[PDB]
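[1] what's the 3D shape of this:
(one chain, ligands or ions: 1)
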Amino acid sequence: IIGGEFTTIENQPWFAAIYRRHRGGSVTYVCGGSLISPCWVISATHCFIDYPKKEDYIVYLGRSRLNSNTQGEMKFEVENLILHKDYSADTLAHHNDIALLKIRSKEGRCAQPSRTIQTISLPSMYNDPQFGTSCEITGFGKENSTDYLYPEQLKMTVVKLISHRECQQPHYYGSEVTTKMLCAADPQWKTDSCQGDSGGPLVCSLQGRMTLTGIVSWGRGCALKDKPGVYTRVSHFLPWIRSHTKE
Ligand SMILES: N=C(N)c1ccc(CNC(=O)[C@H](CO)NC(=O)[C@@H](CO)NS(=O)(=O)Cc2ccccc2)cc1
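    Residues are numbered from 1 along each chain as shown. Shown next is the protein structure:
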C-alpha cells in the first residue's frame, strides 16, 4: 500500500495472510485474501499459478504483522486450491484473476469467528457501487515502488471507483481493461495498492453493508498518474464462486 495508514487486523477482520513454505524451512509472504465464509478464503490466481501445490501454503487469519505473531491469530493449511481455468496474462491485463482456498486447521476445523476474525459479505449479481464511490484496500504490500521489502505492519487506504469509460481512455489502459474488471484510484494519485497487495480485498460500503467488491490484481507501476489499480470484479464471478464452494 502506497501512502495510507497503518492499521490492525481488528479493523480488517476478514483479511487473510497467505504464505508459502520453502524446501529449506523459510516461509515467505505471497498474497492477501479475504474470508468469505468459515472454510473459504478468496484470493487471486496469479498468486499461485506458478506453484499450484496446496501443501506448500499457510493461511493466517487474525494476523496484524508480517513476520511476528498476534494473539488470537489462527493458522490454517490449504485443503483445496482452486484456480480459475481461464486465467491468462497479457501485456498488462490479468484475466479471471481469482482463486479460492478451502482452509482447515490441524484439527480439521475451519475458522472460528472472533473480534479479529470475521467474514466479509459477497456482492449481489451485477450490483456494484456507483463510480466515484470510496472504498478501502488492505495489504502487506510495498510502500514504495523502489522497496524490495514489505512493511511489517498491515496497512490500509481509501481509493475511489473509476468508470469503465474513463479507465478505457487512451492515456489510461485503453481496451486492455474489460467489464470483468474495476479500476480504482486516488484522485490525487498519491495512494494506491502495489506489489504484495495482490489477492487482497477492495471493500466498499454498499447500501450500509461492507461488501467485497474487488480483488487486488494488477496495474502499471504504483500510484502513477492516469494508471489506476485494476481489480477483479467479484460481482461477475458469483456463479463460479458458488459452483466451486459447494462440494
Ligand atoms: N494499483 C496498482 N498500481 C497495482 C500495481 C501492481 C499490483 C500487483 N500485481 C502485479 O504486480 C501483477 C503481477 O504480479 N503484474 C502487473 O500488474 C503488471 C502488468 O501485468 N504491471 S507492473 O509491472 O507495472 C507491476 C509493478 C512492477 C514493479 C513496480 C510496481 C508495479 C497491484 C496493484
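[2] Next, residue 236: phi, psi?
    phi -100, psi 0 (degrees, to the nearest 10).
[3] and the gap between the closest residue to it other than its chain neighbours and residue 151?
    Once flanking residues are discounted, residue 236 sits nearest to residue 180: 5.0 Å by CB to CB, 6 or more residues apart in numbering. For every residue, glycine as well, the C-beta is placed using N, CA and C. As for residue 180, its distance to residue 151 is 30 Å (criterion: CB to CB, to the nearest Å).
[4] try residue 203
    19 Å.
[5] neighbour count winner among these two?
    residue 203 (23 against 17; other CB atoms under 10 Å).
[6] mind listing what the residue nearest the centre of the chain touches?
    Centroid-nearest residue in the chain, with CA atoms, centre = their mean: residue 200, separated by 1.6 Å. Listed by CB atoms under 8 Å, 6 or more residues apart in numbering, the contact set of residue 200 reads 15, 31, 32, 33, 34, 137, 138, 139, 141, 193, 215, 216.
[7] give me the number of residues near the fifth one?
    Residue neighbour count, defined by other CB under 10 Å, stands at 24 for residue 34.
[8] Same question for the first one.
    Residues contacting residue 15 under the criterion other CB under 10 Å number 30.
[9] which SS state does the residue lying closest to it once chain neighbours are set aside fall under?
    Once flanking residues are discounted, residue 15 sits nearest to residue 138: 5.4 Å by CB to CB, 6+ apart. Three-state assignment for residue 138 (DSSP: H, G, I helix; E, B strand; the rest coil): strand.
[10] Contacts only, for residue 203.
    Contacts of residue 203 (CB under 8 Å, 6+ apart): 120, 135, 136, 137, 138, 210, 211, 212, 213.
[11] Around the ligand, which positions in this structure sit nearby?
    46, 92, 94, 145, 192-195, 197-198, 216, 218-222, 229 (CB under 6 Å from any ligand atom).
[12] Residue 213 contacts residue 234, doesn't it?
    Yes. The pair residue 213 and residue 234 passes the contact test of CB atoms under 8 Å, sitting 6.1 Å apart.
[13] Now do the shared contacts for the two.
    With CB under 8 Å, 6+ apart as the test, residue 213 and residue 234 both reach residue 123.
[14] the more surrounded of those two?
    residue 213 (27 against 24).
[15] Quick check: residue 42 touching residue 18?
    No. Assessed by CB under 8 Å, residue 42 is found out of contact with residue 18, at 11.1 Å.
[16] Keeping just the C-alphas, turn the helix of greatest length in the chain into CSV.
    The single longest helix within the chain, with elements called by DSSP state H, is helix 238-244. The C-alpha trace of helix 238-244 is given here as CSV (Å, rounded to 0.1, in the frame of the first residue of the first chain):
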residue,chain,number,x,y,z
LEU,A,238,-20.7,-15.2,-8.3
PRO,A,239,-21.6,-18.3,-10.4
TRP,A,240,-18.0,-19.5,-10.5
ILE,A,241,-17.7,-18.9,-6.7
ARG,A,242,-20.9,-20.7,-5.8
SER,A,243,-20.3,-23.7,-8.0
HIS,A,244,-16.8,-24.4,-6.6
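[17] Right, I'll leave it there.
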